[PDB]
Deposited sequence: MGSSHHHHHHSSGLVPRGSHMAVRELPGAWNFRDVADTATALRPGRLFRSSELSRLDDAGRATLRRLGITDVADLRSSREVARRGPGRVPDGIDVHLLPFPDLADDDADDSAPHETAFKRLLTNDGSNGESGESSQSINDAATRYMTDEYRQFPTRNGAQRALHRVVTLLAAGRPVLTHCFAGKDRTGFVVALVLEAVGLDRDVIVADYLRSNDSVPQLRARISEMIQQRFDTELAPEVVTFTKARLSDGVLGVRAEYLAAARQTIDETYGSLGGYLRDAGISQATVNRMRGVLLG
């Protein structure tokens, strides 16, 4: 259930029940993991972490406080930083729209898939664990043949963490003279900590997915361009399903 010191944590198999449990996990950043959190990671058998945070985010928030025996792979993916909170919806949709072509997006997907295909239990995270992470996870799941509704079910679970993210942001702001704020905090604060910026919606993920088809022709063409072979996909399907 819990990963103490982090939030928005789950095994993807908790939702996508055709997956083997213990293979693909997701969460918020791990920069405040505590002793109980480190023990949870060891207990679950996670050997690899994919840290999708931008290097600014990593600089400010610090490295994931993981136990020994876990390889943290730095895979920077540009962050989402610069009553109508239809403005938040527009902004977020446009951010997702640009995900596929961001510098580092293909690199992150390539490494996550490569690790999974090798039989490594992997935890993928960014800052809030909902947008960048939600994109990468969704493509992984689609690559192994899961239906959209199952992918979206797991993606939307990040809405359950919105109160916890809000509390975390307030605490970061209180500590802003001790630790510089991650750039997304500033943008989310401007957006008046909307549920539209703190949460997720199926329209966001669908915008990114549409851009893959428009730019690369298909998901297969995106995966190929990202150095991911069908052999690797096949191995990943065998490991995950």
item	value
Segments lacking C-alpha coordinates (deposited sequence numbering, starting at 1)	1-23, 106-136, 296
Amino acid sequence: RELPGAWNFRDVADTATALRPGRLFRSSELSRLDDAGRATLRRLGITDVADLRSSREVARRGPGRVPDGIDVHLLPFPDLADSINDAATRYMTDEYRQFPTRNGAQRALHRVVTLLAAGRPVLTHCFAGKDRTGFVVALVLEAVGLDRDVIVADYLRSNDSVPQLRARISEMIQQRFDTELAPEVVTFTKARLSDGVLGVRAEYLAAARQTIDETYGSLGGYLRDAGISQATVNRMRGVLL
From here on, numbers count along this sequence of modelled residues.
| item | value |
| --- | --- |
| 42-50 versus 24-32 - greater average Cα B-factor per the deposited record | 42-50 |
| Of 185-193 and 205-213, the stretch whose C-alpha atoms average the higher B-factor in the entry | 185-193 |
| Candidate residues 112, 126, 88, 162, the one whose C-alpha B factor the record puts highest | 88 |
| Residue with maximal Cα B-factor (values as given in the PDB entry) among 143, 167, 84, 152 | 84 |
| Where the record places residue 219 (Cα B-factor, split into thirds across the chain) | middle |
| Residue 16 - which third its CA temperature factor falls in, relative to the rest of the chain | middle |
| Among modelled residues of the same chain, the CA temperature factor third for residue 117 | middle |
| For residue 240, the third of its chain into which the C-alpha B factor falls | highest |
| For residue 80, the third of its chain into which the C-alpha B factor falls | highest |
